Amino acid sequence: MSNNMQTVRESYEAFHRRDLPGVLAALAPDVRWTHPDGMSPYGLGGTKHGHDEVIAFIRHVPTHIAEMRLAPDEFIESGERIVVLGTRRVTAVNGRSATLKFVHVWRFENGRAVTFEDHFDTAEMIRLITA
């Protein structure tokens, strides 16, 4: 296993522990960390630049999402790029839950992620978290 693959796999372990430093450990200081623009009405869209902006996003997630458990199924590595596909179990602050899909794109430089992006069905995420 490549060091980058270990780093990706370890970031998912950090996430399930609610270990913010462990999640940041994979990311370059100049990271561009992106979520879909369709999530902007919830404050959960766009590109966060650097650790402080990533932390601010993470601290905002509980406003709408009470719990999220990732279940990665597939890790696809080529060069310094790793794509992870899976499902996630999400419980909204409104009390509803659903299983949704995700695709995460990671691009490394020197073993830290310079970009990260989450691609998913935003209409379905919004259907879950809205009133």
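Sequential numbering from 1, following the sequence displayed.
- Comparing the deposited coordinates for 12-20 and 113-121, the stretch with the larger average C-alpha B-factor is 12-20.
- In this entry, 49-57 shows the higher mean Cα temperature factor of the pair 49-57 and 33-41.
- In the PDB entry, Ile126 places in the lowest third of its chain by CA B-factor.
- Annotation for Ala66: C-alpha temperature factor in the highest third relative to the rest of the modelled chain, per the entry.
- Annotation for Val93: C-alpha temperature factor in the highest third relative to the rest of the modelled chain, per the entry.
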